[PDB]
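*Asks:* File name structure27.cif; file contents mmCIF, C-alpha atoms and all ligand atoms; full text below.
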```cif
data_input
loop_
_atom_site.label_atom_id
_atom_site.label_comp_id
_atom_site.auth_asym_id
_atom_site.auth_seq_id
_atom_site.Cartn_x
_atom_site.Cartn_y
_atom_site.Cartn_z
CA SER R 1 -48.16 -32.60 236.72
CA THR R 2 -49.30 -29.34 238.31
CA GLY R 3 -47.71 -26.27 239.83
CA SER R 4 -48.99 -23.67 242.30
CA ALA R 5 -47.16 -20.44 243.23
CA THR R 6 -48.13 -17.40 245.28
CA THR R 7 -48.03 -14.03 243.53
CA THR R 8 -47.45 -10.92 245.70
CA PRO R 9 -48.08 -7.23 244.88
CA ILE R 10 -44.81 -5.27 244.57
CA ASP R 11 -46.23 -2.22 246.44
CA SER R 12 -49.27 -0.83 248.26
CA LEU R 13 -51.04 0.07 244.94
CA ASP R 14 -50.83 -3.41 243.29
CA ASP R 15 -48.74 -1.84 240.50
CA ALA R 16 -47.57 -5.35 239.55
CA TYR R 17 -47.27 -8.80 241.04
CA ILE R 18 -44.15 -10.95 241.48
CA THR R 19 -43.97 -14.72 241.64
CA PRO R 20 -40.85 -16.68 242.66
CA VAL R 21 -39.33 -18.81 239.88
CA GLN R 22 -36.47 -21.31 240.27
CA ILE R 23 -33.92 -21.20 237.42
CA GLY R 24 -30.90 -23.47 237.02
CA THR R 25 -29.04 -26.07 239.12
CA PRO R 26 -28.63 -25.40 241.95
CA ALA R 27 -31.78 -23.26 241.90
CA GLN R 28 -31.48 -19.51 241.56
CA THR R 29 -34.79 -17.98 242.70
CA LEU R 30 -35.85 -14.82 240.88
CA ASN R 31 -39.08 -12.88 241.36
CA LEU R 32 -40.71 -12.52 237.98
CA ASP R 33 -43.70 -10.59 236.68
CA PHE R 34 -46.02 -13.16 235.03
CA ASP R 35 -47.37 -11.41 231.93
CA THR R 36 -50.24 -12.91 229.90
CA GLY R 37 -49.68 -10.08 227.40
CA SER R 38 -46.18 -11.14 226.27
CA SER R 39 -44.28 -14.30 225.41
CA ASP R 40 -40.64 -13.87 226.57
CA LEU R 41 -39.17 -15.22 229.80
CA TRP R 42 -36.33 -12.76 230.40
CA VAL R 43 -34.25 -12.03 233.49
CA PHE R 44 -31.76 -9.64 234.93
CA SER R 45 -28.47 -11.49 234.73
CA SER R 46 -24.70 -11.47 235.20
CA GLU R 47 -24.65 -10.10 231.60
CA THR R 48 -26.85 -7.05 232.37
CA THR R 49 -24.95 -3.72 231.97
CA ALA R 50 -23.89 -3.02 235.58
CA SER R 51 -25.24 0.61 235.58
CA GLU R 52 -28.73 -0.80 234.65
CA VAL R 53 -28.94 -3.12 237.72
CA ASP R 54 -30.17 -1.47 240.98
CA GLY R 55 -31.12 -4.08 243.59
CA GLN R 56 -32.59 -6.83 241.34
CA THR R 57 -31.59 -10.46 241.89
CA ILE R 58 -29.66 -11.69 238.83
CA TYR R 59 -29.46 -15.03 237.05
CA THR R 60 -25.82 -16.17 236.63
CA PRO R 61 -25.78 -18.91 233.96
CA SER R 62 -22.11 -19.77 234.64
CA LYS R 63 -23.20 -20.96 238.17
CA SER R 64 -25.87 -23.34 236.76
CA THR R 65 -24.73 -26.83 235.77
CA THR R 66 -27.79 -27.17 233.48
CA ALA R 67 -27.43 -23.82 231.64
CA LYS R 68 -26.43 -23.94 227.95
CA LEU R 69 -25.94 -20.96 225.62
CA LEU R 70 -28.49 -21.07 222.80
CA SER R 71 -25.84 -20.20 220.22
CA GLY R 72 -26.59 -17.27 218.00
CA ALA R 73 -29.97 -16.47 219.56
CA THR R 74 -30.84 -12.90 220.52
CA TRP R 75 -33.97 -11.17 221.72
CA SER R 76 -35.34 -7.65 221.93
CA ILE R 77 -38.72 -6.54 223.21
CA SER R 78 -40.66 -3.27 223.51
CA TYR R 79 -43.73 -3.12 225.76
CA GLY R 80 -46.94 -1.01 225.57
CA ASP R 81 -45.61 1.33 228.33
CA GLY R 82 -42.48 2.24 226.26
CA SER R 83 -40.08 0.01 228.28
CA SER R 84 -37.69 -2.40 226.59
CA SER R 85 -34.98 -4.99 227.10
CA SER R 86 -32.72 -7.17 224.97
CA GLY R 87 -29.95 -9.74 225.20
CA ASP R 88 -28.91 -13.31 224.47
CA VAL R 89 -30.45 -16.68 225.38
CA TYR R 90 -29.68 -19.75 227.51
CA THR R 91 -31.68 -22.89 227.94
CA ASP R 92 -32.01 -24.09 231.56
CA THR R 93 -34.34 -25.86 233.98
CA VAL R 94 -37.17 -23.58 235.17
CA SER R 95 -39.60 -24.45 237.97
CA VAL R 96 -42.74 -22.59 239.05
CA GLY R 97 -44.59 -23.73 242.16
CA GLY R 98 -43.20 -27.29 241.86
CA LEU R 99 -43.80 -27.64 238.07
CA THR R 100 -40.48 -28.13 236.21
CA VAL R 101 -39.62 -27.52 232.55
CA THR R 102 -36.27 -28.64 231.20
CA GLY R 103 -34.73 -26.82 228.23
CA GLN R 104 -36.71 -23.58 228.80
CA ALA R 105 -35.38 -20.58 226.93
CA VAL R 106 -34.20 -18.08 229.57
CA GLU R 107 -33.56 -14.76 227.86
CA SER R 108 -30.64 -13.06 229.63
CA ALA R 109 -30.79 -9.24 229.51
CA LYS R 110 -27.74 -7.34 228.34
CA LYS R 111 -29.75 -4.08 228.28
CA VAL R 112 -32.89 -2.92 230.12
CA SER R 113 -34.70 0.43 229.94
CA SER R 114 -34.81 2.82 232.87
CA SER R 115 -38.29 1.71 234.13
CA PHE R 116 -36.88 -1.84 234.73
CA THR R 117 -33.71 -0.57 236.45
CA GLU R 118 -35.82 1.69 238.71
CA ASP R 119 -38.04 -1.24 239.85
CA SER R 120 -35.79 -3.21 242.26
CA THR R 121 -38.63 -5.67 243.05
CA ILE R 122 -39.00 -7.20 239.50
CA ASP R 123 -36.16 -9.50 238.41
CA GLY R 124 -37.67 -10.16 234.98
CA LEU R 125 -40.82 -11.26 233.17
CA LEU R 126 -42.38 -14.64 232.44
CA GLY R 127 -44.58 -14.35 229.40
CA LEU R 128 -47.82 -16.37 229.15
CA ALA R 129 -49.28 -15.10 225.85
CA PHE R 130 -49.02 -17.29 222.74
CA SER R 131 -45.53 -18.34 221.61
CA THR R 132 -46.10 -16.63 218.21
CA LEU R 133 -45.15 -13.34 220.01
CA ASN R 134 -41.82 -14.63 221.36
CA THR R 135 -39.02 -12.30 220.14
CA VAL R 136 -36.09 -14.77 220.02
CA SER R 137 -34.26 -14.69 216.67
CA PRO R 138 -33.49 -16.55 214.49
CA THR R 139 -35.36 -19.46 216.15
CA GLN R 140 -38.53 -18.39 218.01
CA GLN R 141 -38.85 -20.01 221.45
CA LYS R 142 -41.80 -21.41 223.43
CA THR R 143 -43.29 -20.00 226.62
CA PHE R 144 -43.01 -21.83 229.92
CA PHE R 145 -46.74 -22.75 229.59
CA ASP R 146 -46.35 -24.01 226.01
CA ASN R 147 -43.34 -26.20 227.10
CA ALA R 148 -45.21 -27.49 230.23
CA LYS R 149 -48.59 -28.03 228.52
CA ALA R 150 -48.28 -31.65 227.40
CA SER R 151 -47.09 -32.69 230.94
CA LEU R 152 -49.90 -30.92 232.81
CA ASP R 153 -52.96 -32.74 234.18
CA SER R 154 -55.13 -30.25 232.17
CA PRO R 155 -53.75 -27.72 229.60
CA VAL R 156 -54.68 -24.66 231.68
CA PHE R 157 -53.30 -22.08 234.02
CA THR R 158 -55.29 -19.81 236.30
CA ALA R 159 -54.72 -16.32 237.64
CA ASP R 160 -56.16 -15.44 241.01
CA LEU R 161 -54.74 -11.99 241.78
CA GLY R 162 -55.35 -10.35 245.12
CA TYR R 163 -56.53 -6.83 245.96
CA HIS R 164 -53.81 -5.44 248.20
CA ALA R 165 -53.00 -9.08 249.08
CA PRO R 166 -51.20 -12.13 247.69
CA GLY R 167 -52.88 -14.40 245.16
CA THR R 168 -52.06 -17.52 243.21
CA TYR R 169 -50.98 -18.78 239.78
CA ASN R 170 -51.87 -22.43 239.24
CA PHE R 171 -50.74 -24.62 236.34
CA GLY R 172 -52.53 -27.77 235.24
CA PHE R 173 -55.66 -27.68 237.41
CA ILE R 174 -58.69 -25.64 238.47
CA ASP R 175 -58.95 -25.04 242.19
CA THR R 176 -62.74 -25.33 242.65
CA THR R 177 -62.34 -23.82 246.19
CA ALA R 178 -60.88 -20.55 244.81
CA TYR R 179 -64.09 -19.07 243.28
CA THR R 180 -67.82 -18.70 243.88
CA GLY R 181 -70.59 -19.81 241.54
CA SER R 182 -69.64 -21.13 238.11
CA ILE R 183 -66.89 -20.32 235.58
CA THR R 184 -68.20 -18.70 232.40
CA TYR R 185 -66.05 -19.52 229.37
CA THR R 186 -65.73 -17.22 226.34
CA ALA R 187 -64.05 -17.52 222.96
CA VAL R 188 -60.47 -16.46 222.33
CA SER R 189 -58.86 -15.18 219.13
CA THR R 190 -55.12 -15.96 218.93
CA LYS R 191 -54.71 -13.93 215.68
CA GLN R 192 -52.65 -11.16 217.42
CA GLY R 193 -50.90 -13.65 219.84
CA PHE R 194 -52.91 -12.46 222.86
CA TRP R 195 -55.67 -13.92 225.04
CA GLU R 196 -58.11 -11.76 223.06
CA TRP R 197 -61.80 -12.01 223.86
CA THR R 198 -65.05 -10.00 223.61
CA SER R 199 -66.82 -8.67 226.66
CA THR R 200 -70.59 -8.40 226.35
CA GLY R 201 -70.89 -4.95 227.97
CA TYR R 202 -70.61 -2.95 231.13
CA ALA R 203 -72.38 -1.10 233.91
CA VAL R 204 -71.23 1.81 236.10
CA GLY R 205 -72.13 1.46 239.79
CA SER R 206 -75.78 0.52 240.28
CA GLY R 207 -76.57 1.69 236.70
CA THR R 208 -78.22 -0.39 233.98
CA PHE R 209 -76.04 -2.80 232.05
CA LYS R 210 -75.16 -1.63 228.50
CA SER R 211 -74.97 -4.54 226.05
CA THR R 212 -72.07 -3.80 223.70
CA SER R 213 -69.19 -5.89 222.33
CA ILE R 214 -65.75 -4.81 223.68
CA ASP R 215 -62.84 -6.71 222.15
CA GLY R 216 -59.78 -6.76 224.38
CA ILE R 217 -56.97 -8.78 225.92
CA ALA R 218 -56.61 -10.42 229.31
CA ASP R 219 -53.20 -9.01 230.37
CA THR R 220 -51.76 -9.70 233.82
CA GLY R 221 -48.72 -7.58 233.04
CA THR R 222 -50.81 -4.39 232.63
CA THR R 223 -51.83 -2.65 235.86
CA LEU R 224 -54.94 -0.79 234.73
CA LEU R 225 -58.19 -1.36 232.78
CA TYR R 226 -58.00 0.34 229.33
CA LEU R 227 -61.40 0.66 227.57
CA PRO R 228 -62.93 2.73 224.79
CA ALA R 229 -63.22 6.46 225.45
CA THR R 230 -67.06 6.29 225.46
CA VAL R 231 -67.07 3.69 228.28
CA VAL R 232 -64.37 5.48 230.31
CA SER R 233 -66.17 8.87 230.01
CA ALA R 234 -69.38 7.23 231.22
CA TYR R 235 -67.56 5.84 234.27
CA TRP R 236 -65.76 9.05 235.33
CA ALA R 237 -68.90 11.19 234.72
CA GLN R 238 -70.25 9.47 237.89
CA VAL R 239 -67.34 10.83 240.02
CA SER R 240 -67.66 14.49 241.05
CA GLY R 241 -64.58 16.43 240.08
CA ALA R 242 -63.04 13.71 237.87
CA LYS R 243 -61.40 14.88 234.67
CA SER R 244 -59.01 13.77 231.98
CA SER R 245 -55.65 15.51 232.50
CA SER R 246 -53.31 15.74 229.46
CA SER R 247 -50.53 16.84 231.91
CA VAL R 248 -50.90 13.76 234.16
CA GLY R 249 -51.71 11.37 231.26
CA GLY R 250 -55.23 10.20 232.07
CA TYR R 251 -58.28 10.54 234.26
CA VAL R 252 -57.74 11.85 237.77
CA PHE R 253 -60.23 12.29 240.56
CA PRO R 254 -60.40 13.92 244.01
CA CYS R 255 -58.80 11.74 246.63
CA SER R 256 -61.90 12.54 248.79
CA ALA R 257 -64.21 10.65 246.34
CA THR R 258 -65.89 7.30 246.89
CA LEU R 259 -65.63 5.52 243.51
CA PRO R 260 -68.45 3.51 241.98
CA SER R 261 -68.00 -0.08 240.96
CA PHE R 262 -67.54 -1.12 237.34
CA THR R 263 -69.16 -4.29 235.95
CA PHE R 264 -68.02 -6.06 232.80
CA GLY R 265 -69.86 -8.84 230.97
CA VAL R 266 -68.55 -12.32 230.23
CA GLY R 267 -71.27 -13.86 228.10
CA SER R 268 -74.41 -13.69 230.28
CA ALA R 269 -72.29 -13.45 233.46
CA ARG R 270 -71.06 -10.29 235.20
CA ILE R 271 -67.79 -9.49 237.03
CA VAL R 272 -68.00 -6.59 239.44
CA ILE R 273 -64.87 -4.51 240.08
CA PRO R 274 -65.37 -2.71 243.44
CA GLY R 275 -64.76 1.00 243.40
CA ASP R 276 -61.80 0.69 245.73
CA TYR R 277 -59.95 -1.38 243.09
CA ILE R 278 -60.08 1.67 240.71
CA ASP R 279 -58.16 3.98 243.14
CA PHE R 280 -54.42 4.22 242.30
CA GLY R 281 -53.74 6.93 244.84
CA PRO R 282 -52.18 10.36 244.71
CA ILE R 283 -50.60 11.40 241.38
CA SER R 284 -47.54 12.58 243.36
CA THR R 285 -46.72 12.21 246.95
CA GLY R 286 -49.08 14.32 249.12
CA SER R 287 -51.37 15.35 246.25
CA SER R 288 -55.14 15.40 246.68
CA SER R 289 -55.52 14.41 242.99
CA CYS R 290 -55.70 10.61 242.58
CA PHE R 291 -55.02 8.53 239.50
CA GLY R 292 -57.84 6.43 238.10
CA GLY R 293 -57.67 2.72 237.43
CA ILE R 294 -59.93 2.84 234.39
CA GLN R 295 -58.31 4.72 231.48
CA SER R 296 -58.97 5.22 227.76
CA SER R 297 -57.46 2.81 225.26
CA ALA R 298 -57.69 5.39 222.49
CA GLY R 299 -54.25 5.58 220.81
CA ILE R 300 -53.16 2.20 222.27
CA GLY R 301 -55.06 0.42 219.45
CA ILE R 302 -56.43 -2.34 221.78
CA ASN R 303 -58.56 -2.62 224.94
CA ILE R 304 -56.72 -4.18 227.86
CA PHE R 305 -58.33 -6.03 230.74
CA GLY R 306 -55.34 -5.56 233.04
CA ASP R 307 -54.97 -6.31 236.75
CA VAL R 308 -57.77 -3.92 237.88
CA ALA R 309 -60.24 -6.14 236.05
CA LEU R 310 -58.52 -9.54 236.47
CA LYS R 311 -58.07 -9.29 240.21
CA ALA R 312 -61.89 -9.04 240.57
CA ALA R 313 -62.13 -12.58 239.09
CA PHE R 314 -60.78 -16.09 239.09
CA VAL R 315 -59.45 -16.32 235.53
CA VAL R 316 -58.86 -19.56 233.54
CA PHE R 317 -56.47 -19.46 230.63
CA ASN R 318 -57.53 -22.64 228.77
CA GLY R 319 -54.75 -23.67 226.36
CA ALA R 320 -56.65 -26.58 224.78
CA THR R 321 -56.47 -27.02 220.98
CA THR R 322 -59.12 -24.26 220.73
CA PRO R 323 -58.14 -21.87 223.55
CA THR R 324 -60.81 -20.20 225.70
CA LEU R 325 -60.93 -17.86 228.72
CA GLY R 326 -62.99 -18.51 231.84
CA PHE R 327 -64.11 -15.98 234.44
CA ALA R 328 -65.65 -16.62 237.87
CA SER R 329 -66.53 -14.30 240.73
CA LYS R 330 -64.64 -14.94 243.96
NA NA B 401 -48.55 5.81 236.68
#
```
In structure tokens, how does this file's structure come out?

*Replies:*
Amino acid sequence: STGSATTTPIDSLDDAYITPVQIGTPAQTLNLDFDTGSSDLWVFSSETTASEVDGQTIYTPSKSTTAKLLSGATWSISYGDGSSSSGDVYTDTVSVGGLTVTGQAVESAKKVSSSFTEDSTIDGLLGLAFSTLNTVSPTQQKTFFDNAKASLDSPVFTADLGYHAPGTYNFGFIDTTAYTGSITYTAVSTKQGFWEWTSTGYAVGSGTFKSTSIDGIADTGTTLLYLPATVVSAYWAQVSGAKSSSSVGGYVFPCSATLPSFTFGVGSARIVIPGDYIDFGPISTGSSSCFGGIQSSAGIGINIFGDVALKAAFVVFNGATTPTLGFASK
């Protein structure tokens, strides 16, 4: 089997991407944030505290003939940005882009933090990291990918995120029409439950490439590119008037600037992030200070190749016995 679904930015900055997911019988379609940095599939639901729902579409298990309470199971998650959610668990039929899993754990939120409530466009998350990070207790649950894997034509999914445009998540096949050149594969460590890999270095604009190992994760649920402070300082030093602002919480730059590209290495290959991809717009409405898309990972304890980096590539998440990542230009 295979599945193919379109993923659409939630706003004009590509802050996140939503993908429609069918849950239950008859189908209830929710728009979920597919997150390769976490391992819970959780949704706004009929159980969510009413004051914490503001425009999201909810899953109602009582209206699904295939829903079953997973008795005694609970979940609670805290993300890198400080947001959180928790609740109980149902199993139900979940379909993505025509690919169906029966008996998927659907984590129903009883509580969500303010950042979730305030985002009316995201109805929940579908985690695509390794199932060792799943938070369901007392019986850990599998991701949608881990449950689908054995049925897929190939044990892979691909992320093809768009810049200010829709993209695609595919399950079970490589679309050889979706990228240019060849896919360069690189080793993955699953020791922390992430798609963790080592970039071979970077360049700023037309500058020389610096060979240096940068360990980090491929995380579709993170908007920005988080790299070591040395690398980030080297990037923003090429932008006149850029500075790190403690008050704003990262590097800002004049909205009048033209940003340089940023290149990252994948083995001997190179992925070029155009400068435009690194502009996240005014810090507040009408400001001439703009927020940068490359930020320091110092204090986060890991480098994160989030959407700013991933949307410059066709990315293969190879879930074979020994997982690997693949990157292609596009
Ligand atoms: Na922000």

*Asks:* Mind pulling up the distance from CA of residue 100 (chain R) to CA of residue 16 (chain R)?

*Replies:*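 About the pair CA of residue 16 (chain R) and CA of residue 100 (chain R): they are 24.1 Å apart.
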
*Asks:* Would you mind listing what lies within 12 Å of residue 27 (chain R) as a PyMOL selection string, with all atoms listed in the file counted and same-chain residues fewer than 5 positions away left out?

*Replies:* chain R and resi 20-22+59-61+63-67+92-96+100

*Asks:* How would you report the residues lying within 10 Å of ligand NA 401 (chain B), as number ranges by chain, if you count only C-alpha atoms and all ligand atoms?

*Replies:* R: 15, 81, 223-224, 248-250, 280-284, 291-293

*Asks:* Dump C-alpha atoms for the selected residues as a CSV table (one decimal), keeping the file's coordinate frame?

*Replies:*
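Writing done, so here's result_9.csv:
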```
chain,number,residue,atom,x,y,z
R,15,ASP,CA,-48.7,-1.8,240.5
R,81,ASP,CA,-45.6,1.3,228.3
R,223,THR,CA,-51.8,-2.6,235.9
R,224,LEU,CA,-54.9,-0.8,234.7
R,248,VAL,CA,-50.9,13.8,234.2
R,249,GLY,CA,-51.7,11.4,231.3
R,250,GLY,CA,-55.2,10.2,232.1
R,280,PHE,CA,-54.4,4.2,242.3
R,281,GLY,CA,-53.7,6.9,244.8
R,282,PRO,CA,-52.2,10.4,244.7
R,283,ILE,CA,-50.6,11.4,241.4
R,284,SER,CA,-47.5,12.6,243.4
R,291,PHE,CA,-55.0,8.5,239.5
R,292,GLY,CA,-57.8,6.4,238.1
R,293,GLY,CA,-57.7,2.7,237.4
```

*Asks:* Smallest atom-to-atom distance to residue 124 (chain R): which of R:230, R:158, R:296, R:85, using only C-alpha atoms?

*Replies:* R:85

*Asks:* What does the structure give for the distance between CA of residue 205 (chain R) and CA of residue 309 (chain R), in Å to one decimal?

*Replies:* 14.6 Å

*Asks:* Between CA of residue 103 (chain R) and CA of residue 146 (chain R), what is the distance, to one decimal in Å?

*Replies:* 12.2 Å

*Asks:* Compile the contact shell of residue 154 (chain R) as a PyMOL selection string: residues with an atom at most 10 Å away, counting only C-alpha atoms, same-chain residues fewer than 4 positions apart removed.

*Replies:* chain R and resi 1-2+149-150+171-174+318-320

*Asks:* For each of R:260, R:9, R:265, R:98, take the minimum atom-to-atom distance to residue 212 (chain R), counting all atoms listed in the file, then give the residue where this is smallest.

*Replies:* R:265

*Asks:* Which is closer to residue 219 (chain R) than all the others in R:307, R:123, R:153, R:107, using all atoms listed in the file?

*Replies:* R:307

*Asks:* Quick one: everything within 9 Å of residue 202 (chain R), counting all atoms listed in the file, minus sequence neighbours fewer than 2 positions away in the same chain. Send it as JSON, numbers by chain.

*Replies:* {"R": [199, 200, 204, 208, 209, 210, 211, 212, 231, 262, 263, 264, 265, 270]}

*Asks:* Which is closest to residue 258 (chain R) among R:288, R:240, R:245, R:303, if we use all atoms listed in the file?

*Replies:*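 Result for the nearest residue to residue 258 (chain R): R:240.
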
*Asks:* Which is closer to residue 156 (chain R) than all the others in R:315, R:278, R:133, R:328, using only C-alpha atoms?

*Replies:* R:315

*Asks:* Report as JSON the centre and the edge lengths, in Å to one decimal, of the axis-aligned box holding every listed atom of region 24-41 of chain R, padded by 4 Å on each side.

*Replies:*
```
{"center_x": -39.4, "center_y": -18.1, "center_z": 234.1, "size_x": 29.6, "size_y": 24.0, "size_z": 25.3}
```

*Asks:* Do a neighbour search on region 40-47 of chain R at 9 Å with only C-alpha atoms, toss out local chain neighbours closer than 2 positions, and write the hits as a VMD selection string.

*Replies:* chain R and resid 30 32 34 to 35 38 49 to 50 53 56 to 62 75 77 85 to 89 104 to 112 122 to 129 131 133 to 136 141 to 144

*Asks:* Would you list the contacts of residue 304 (chain R) as a PyMOL selection string, taking every protein, DNA or RNA residue within 12 Å and counting all atoms listed in the file, but skipping same-chain residues closer than 6 positions in sequence?

*Replies:* chain R and resi 36-37+80+194-199+214-228+293-298+310

*Asks:* For a cut-off of 7 Å around (-51.3, -12.3, 239.9), file coordinates, pick out all residues using only C-alpha atoms and list them as a ChimeraX atom specification.

*Replies:* /R:7,17,159-162,167-169,220

*Asks:* Pick the closest to residue 157 (chain R) from R:5, R:308, R:70, R:255: which is it, counting all atoms listed in the file?

*Replies:*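 Closest to residue 157 (chain R), using all atoms listed in the file: R:5.
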